[PDB]
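Step one of this worksheet: look at the structure below.
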Amino acid sequence: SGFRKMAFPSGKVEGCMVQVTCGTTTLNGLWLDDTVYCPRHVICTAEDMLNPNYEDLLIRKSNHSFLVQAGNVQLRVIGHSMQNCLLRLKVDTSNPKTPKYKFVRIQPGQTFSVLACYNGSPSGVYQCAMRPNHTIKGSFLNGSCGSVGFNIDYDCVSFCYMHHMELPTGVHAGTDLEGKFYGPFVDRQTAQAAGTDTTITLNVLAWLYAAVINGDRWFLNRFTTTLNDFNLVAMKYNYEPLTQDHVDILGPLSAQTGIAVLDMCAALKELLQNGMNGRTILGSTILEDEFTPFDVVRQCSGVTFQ
Amino acid sequence: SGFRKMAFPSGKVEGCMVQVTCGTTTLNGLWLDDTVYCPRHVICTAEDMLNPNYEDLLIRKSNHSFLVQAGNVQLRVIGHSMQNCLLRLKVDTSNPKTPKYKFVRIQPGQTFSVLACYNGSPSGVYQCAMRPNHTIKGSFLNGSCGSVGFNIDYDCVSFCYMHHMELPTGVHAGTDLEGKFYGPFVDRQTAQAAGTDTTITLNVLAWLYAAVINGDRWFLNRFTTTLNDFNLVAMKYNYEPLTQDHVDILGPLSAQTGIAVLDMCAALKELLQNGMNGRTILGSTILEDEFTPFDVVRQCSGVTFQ
Amino acid sequence: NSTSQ
Amino acid sequence: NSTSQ
Numbered sequence: 001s002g003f004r005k006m007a008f009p010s011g012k013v014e015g016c017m018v019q020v021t022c023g024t025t026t027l028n029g030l031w032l033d034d035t036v037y038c039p040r041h042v043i044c045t046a047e048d049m050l051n052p053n054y055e056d057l058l059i060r061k062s063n064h065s066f067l068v069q070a071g072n073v074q075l076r077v078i079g080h081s082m083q084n085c086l087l088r089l090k091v092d093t094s095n096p097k098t099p100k101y102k103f104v105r106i107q108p109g110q111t112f113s114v115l116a117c118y119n120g121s122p123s124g125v126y127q128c129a130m131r132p133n134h135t136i137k138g139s140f141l142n143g144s145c146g147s148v149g150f151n152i153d154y155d156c157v158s159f160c161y162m163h164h165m166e167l168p169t170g171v172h173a174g175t176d177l178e179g180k181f182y183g184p185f186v187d188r189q190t191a192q193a194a195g196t197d198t199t200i201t202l203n204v205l206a207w208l209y210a211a212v213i214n215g216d217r218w219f220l221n222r223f224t225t226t227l228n229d230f231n232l233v234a235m236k237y238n239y240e241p242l243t244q245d246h247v248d249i250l251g252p253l254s255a256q257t258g259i260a261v262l263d264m265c266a267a268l269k270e271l272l273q274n275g276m277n278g279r280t281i282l283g284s285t286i287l288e289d290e291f292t293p294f295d296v297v298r299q300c301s302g303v304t305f306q
Numbered sequence: 001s002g003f004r005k006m007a008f009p010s011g012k013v014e015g016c017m018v019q020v021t022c023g024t025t026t027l028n029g030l031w032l033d034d035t036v037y038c039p040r041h042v043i044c045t046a047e048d049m050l051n052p053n054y055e056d057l058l059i060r061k062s063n064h065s066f067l068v069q070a071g072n073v074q075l076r077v078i079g080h081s082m083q084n085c086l087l088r089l090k091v092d093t094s095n096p097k098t099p100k101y102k103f104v105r106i107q108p109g110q111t112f113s114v115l116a117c118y119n120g121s122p123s124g125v126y127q128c129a130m131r132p133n134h135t136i137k138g139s140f141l142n143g144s145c146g147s148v149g150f151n152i153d154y155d156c157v158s159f160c161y162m163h164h165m166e167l168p169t170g171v172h173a174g175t176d177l178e179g180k181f182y183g184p185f186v187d188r189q190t191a192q193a194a195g196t197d198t199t200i201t202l203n204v205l206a207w208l209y210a211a212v213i214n215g216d217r218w219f220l221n222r223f224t225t226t227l228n229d230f231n232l233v234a235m236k237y238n239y240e241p242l243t244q245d246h247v248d249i250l251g252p253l254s255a256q257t258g259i260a261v262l263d264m265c266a267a268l269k270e271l272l273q274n275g276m277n278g279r280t281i282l283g284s285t286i287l288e289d290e291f292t293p294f295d296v297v298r299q300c301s302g303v304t305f306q
Numbered sequence: 001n002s003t004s005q
Numbered sequence: 001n002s003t004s005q
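Chains as they are written, first to last, in the entry's author numbering: chain A, 1 to 306; chain A', 1 to 306; chain H, 1 to 5; chain H', 1 to 5. A prime marks a further copy of an entry chain.
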């Protein structure tokens with residue numbers, strides 16, 4: 001038993017962190033085959049941050065303007081291009097520890113591991129979800145830019161995030177490994193805010209299924225609901241509306257625990273309305289929306305404690 | 001900003017996981033230099049679990065009774081001895097990925113990362129504290145035995161835990177890498193329980209210092225206390241008594257935030273007595289006792305958001 | 001009793 | 001404004 005936020009082991013990724021320096025700015029970059037990706041804002045400073053122009057700021061740079069370091073060793077650039085919000089730097093060496101990998105764009109609600117890095121040197125690993133407002137509740141200081149987020153299937157790394165910035169609310173914003181931001185955000189320095197966020201309904205229900213799989217039941221009730229009656233309740237309590245695709249996704253977990261979904265939505269509706277009644281679910285006193293259904297399947301037992 | 005449970009990156013450790021099989025039992029083992037450590041209970045079955053005797057059960061075994069696998073590759077045993085609750089198996093190959101390392105015995109309240117493994121194959125990494133009752137609130141299924149816990153200073157791995165068992169309450173029990181259990185526990189199968197636990201006072205105060213370092217203040221008050229008056233309050237609310245060494249340990253963090261400790265104990269005393277008043281500290285609605293003072297220093301900012 | 005994992 | 005980390 002037990003249920004904890006679990007990150008993927010981070011070895012395969014540690015082998016791809018490198019330091020990238022341009023003038024007076026240093027940040028982490030990602031080294032796959034003979035390419036090294038990093039935030040384009042590495043080439044920037046003074047007011048260069050308030051009103052920049054990277055097409056312009058980048059043409060006034062050459063390959064040897066970038067000092068990519070790999071441990072105490074050193075890599076030389078031989079090409080460079082911008083891709084949307086990232087630089088793609090070709091280098092002389094190809095990464096001996098390059099894992100099988102791919103690049104995907106995760107959707108709000110999905111989760112991934114973050115490897116926090118300073119100066120190309122990995123310091124720590126945590127799990128985080130993409131928040132409906134497209135930001136994450138990370139833990140980064142200055143120097144963390146270029147730290148990446150990822151999942152692992154079998155032996156294959158799916159990169160999905162590269163860190164770029166901290167919003168005024170203290171939450172983070174970044175991009176996939178294609179350079180495209182998640183959210184409306186930009187790598188300028190303006191009055192930007194996180195749009196109001198929402199609790200991830202699919203996940204809370206996945207969580208309650210785990211509470212049951214572990215073997216606790218106290219939040220259940222004899223009632224049921226129609227999708228529609230739930231969403232009317234949910235909307236007020238600031239939840240994302242639930243849809244059929246979501247309901248379908250809670251399929252197997254219904255099966256393994258023998259509890260129908262709309263029945264759990266009723267449980268949920270009740271928890272929203274009655275509060276926790278001074279006890280815990282799976283150790284927590286709030287409702288936990290950062291576990292997906294896939295995260296519950298993977299970590300939880302294949303058989304139920306009935 | 002941000003504050004999350006952060007585990008250490010797990011690469012250096014992934015390179016030491018191996019599978020260890022004896023008859024019909026399989027569990028993970030730890031491969032440093034030309035040695036492989038694993039729970040002694042790998043050689044056990046039937047009732048062999050209720051009333052075992054390992055000195056006896058082990059003499060009826062030879063080196064080729066152990067099939068240690070390292071990926072698809074394979075290692076041959078050439079020696080074996082028991083150390084308290086662990087087996088020490090000498091092997092023909094020495095681990096090419098052996099990191100600098102040492103073995104330490106952590107104390108209640110200290111924390112460490114866990115690399116969860118099934119069949120010598122790492123599946124996930126989480127952070128966990130040694131609970132005063134000497135158990136951890138892990139996440140393990142069957143097959144998890146031999147999964148290890150560890151810290152990293154600089155480039156050096158300090159191993160401190162090896163997983164052996166799940167108590168009836170659903171919490172875990174294991175040993176250092178010397179074979180000595182944490183707690184009164186034994187690798188037999190009897191009516192064992194976790195002694196009643198206690199909240200880790202030092203940590204909650206470390207946590208409140210971080211809440212302040214991040215930049216929130218709402219729980220402060222104008223009052224102060226004597227150690228003694230706190231402990232009288234604390235005892236009731238089931239906290240560990242605070243001592244001078246603890247108070248000294250909150251030294252620097254007092255310094256960096258300009259808040260005296262006994263002043264924070266007053267804050268704490270108040271939170272114990274008044275409850276949270278319907279808001280959050282650093283995102284949470286309970287008091288978080290699984291961050292040490294060292295964990296706050298490492299992860300939090302060197303300068304305060306004043 | 002207890003589960004030896 | 002915002003911190004470009």
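Ideal Cβ placement from N, Cα and C applies to all residues, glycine included.
{"Item": "Using a threshold of 8 angstroms, state whether the C-beta atoms of A:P108 and A:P132 are closer than that.", "Value": "yes"}
{"Item": "Whole angstroms are fine: how far does the CA of A:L67 sit from the CA of A':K137?", "Value": "44 angstroms"}
{"Item": "Find the residues of chain A' that neighbour A:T285, judging by a C-beta separation of less than 7 angstroms, and give them in chain order.", "Value": "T285 and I286"}
{"Item": "I'd like the ranges of any alpha helix (DSSP H) spanning at least 4 consecutive residues and lying wholly in the region 11 to 37 of chain A'.", "Value": "11 to 14"}
{"Item": "Which residues bound the alpha helix (DSSP H) around residue 367 of chain A'?", "Value": "Since the first residue of chain A' shown is 1 and the last is 306, residue 367 of chain A' is not available in this structure."}
{"Item": "Suppose you measure from the CA of A':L205 to the CA of A':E288; what does that come to, to the nearest Å?", "Value": "9 angstroms"}
{"Item": "Consider the Cβ of A':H134: report whether some Cβ of chain H lies at a distance smaller than 8 angstroms.", "Value": "no"}
{"Item": "Which ranges would you report for the alpha helix (DSSP H) in the region 204 to 249 of chain A if only whole runs of at least 4 residues count?", "Value": "227 to 236 and 244 to 249"}
{"Item": "Under DSSP, the beta strand (DSSP E) around A:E166 begins and ends at which residues?", "Value": "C156 to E166"}
{"Item": "Report yes if the CB atom of A':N95 is closer than 8 angstroms to the CB atom of A':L32, and no otherwise.", "Value": "yes"}
{"Item": "Got a sec: is the Cβ-Cβ distance from A:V204 to anything in chain A' below 8 angstroms?", "Value": "no"}
{"Item": "Quick check: is the beta carbon of A:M6 nearer than 8 angstroms to any beta carbon in chain A'?", "Value": "yes"}
{"Item": "Express the C-alpha separation of A':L27 and A':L141 in angstroms, rounding to a whole number.", "Value": "11 angstroms"}
{"Item": "Work out the CA separation of A:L87 and A:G79 for me, nearest whole Å.", "Value": "10 angstroms"}
{"Item": "Which residues in chain A sit within 8 angstroms of A':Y126, going by Cβ to Cβ distance?", "Value": "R4, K5, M6 and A7"}
{"Item": "Rounded to whole angstroms, what is the Cα-Cα separation between A':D155 and A:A70?", "Value": "16 angstroms"}
{"Item": "If I measure Cβ to Cβ from A:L271 and keep anything under 8 angstroms in the same chain, skipping five residues before and after, which residues do I get?", "Value": "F219 and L287"}
{"Item": "Going by beta-carbon coordinates alone, are A':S10 and A:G170 separated by less than 8 angstroms?", "Value": "no"}
{"Item": "Taking A:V91 as the reference, which of A:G29, A:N53 and A:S254 has the closest Cα?", "Value": "A:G29"}
{"Item": "Can you look up A':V104 in the DSSP assignment and give me helix, strand or coil?", "Value": "coil"}
{"Item": "Is there at least one non-hydrogen atom of the ligand ADP closer than 7 angstroms to the beta-carbon of A':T25?", "Value": "With respect to small molecules bound, the structure shown includes none, and the ligand ADP cannot be examined in it."}
{"Item": "Work out the CA separation of A':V303 and A':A210 for me, nearest whole Å.", "Value": "11 angstroms"}
{"Item": "Is the shortest distance between the beta-carbon of A:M49 and the beta-carbons of chain H' less than 8 angstroms?", "Value": "yes"}
{"Item": "For the beta strand (DSSP E) containing A':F150, name the first residue and the last one.", "Value": "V148 to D153"}
{"Item": "Quick check on the DSSP output: the beta strand (DSSP E) that includes A':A70 runs from which residue to which?", "Value": "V68 to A70"}
{"Item": "For A':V73, does the count of other Cβ atoms within 10 angstroms reach 16, so buried, or fall short, so exposed?", "Value": "exposed"}
{"Item": "Along chain A', which residues have their Cβ under 8 angstroms away from the Cβ of A:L115?", "Value": "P9"}
{"Item": "In terms of residue numbering, what span does the beta strand (DSSP E) encompassing A':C117 cover?", "Value": "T111 to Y118"}
{"Item": "Confirm, please, whether the CB-CB distance from A:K12 to A:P99 is below 8 angstroms.", "Value": "yes"}
{"Item": "Return the bridge partner residues of A:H172 from the DSSP annotation.", "Value": "A:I136 and A:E166"}
{"Item": "Note down, in chain order, every chain H' residue with its Cβ under 9 angstroms from the Cβ of A:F140.", "Value": "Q5"}
{"Item": "Using a cut-off of 7 angstroms between C-beta atoms, extract the partners of A:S1 located in chain A'.", "Value": "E166 and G170"}
{"Item": "Does DSSP put A:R88 in a helix, a strand or coil?", "Value": "strand"}
{"Item": "Leaving aside the five residues before and after A':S254 along the sequence, list all residues of the same chain whose C-beta is less than 7 angstroms from its C-beta, in chain order.", "Value": "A260 and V261"}
{"Item": "Tell me the DSSP secondary structure of A':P293 in three-state form.", "Value": "helix"}
{"Item": "Is DSSP giving H':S4 helix, strand or coil here?", "Value": "coil"}
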